[PDB]
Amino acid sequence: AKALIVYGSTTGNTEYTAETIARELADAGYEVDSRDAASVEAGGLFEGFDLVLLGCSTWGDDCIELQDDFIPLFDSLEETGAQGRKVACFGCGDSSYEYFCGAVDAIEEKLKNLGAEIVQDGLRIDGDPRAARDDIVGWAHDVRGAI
């Protein structure tokens, strides 16, 4: 089984979360392809993958905005091949702001409208992800056993 993980991370929290996810999947037998949103092209990006995990941090504060590297991919999500694709989302945020991990809802909602199958509720991490390594591994385990 092939799984693709694309993450948008500026201070490295969502990136750390992605690597933690990759390990879990990799150990469970998956062939994981983890890429930084900054280095990918939307066009047919999900082609050939059995599972796609999208991670992205939230910004803007006074409004909901996605991590800059992920925006291009988001704006072109209709060209990724999400139709019937088994996907799940995650991201890091800070409850101190008004819209906690809003980036995760935005991606989930658009993936849903594009015909993707969200196999698990998004992983929403508050603060340092390392302090939540247990929730991350479990979430990865959960999505993995629900495809």
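Counting begins at 1, following the sequence as shown.
- For the pair 8 to 16 and 133 to 141, the record assigns the higher mean C-alpha temperature factor to 133 to 141.
- Relative to its counterpart among 91 to 99 and 40 to 48, 91 to 99 has the higher mean temperature factor, C-alpha atoms as listed in the PDB entry.
- The PDB entry assigns the greatest CA B-factor among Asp68, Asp62, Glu108, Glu79 to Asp62.
- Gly29 sits in the highest third of its chain by CA B factor, as recorded in the PDB entry.
- In the PDB entry, a CA B factor belonging to the lowest third of its chain's modelled residues is recorded for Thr58.
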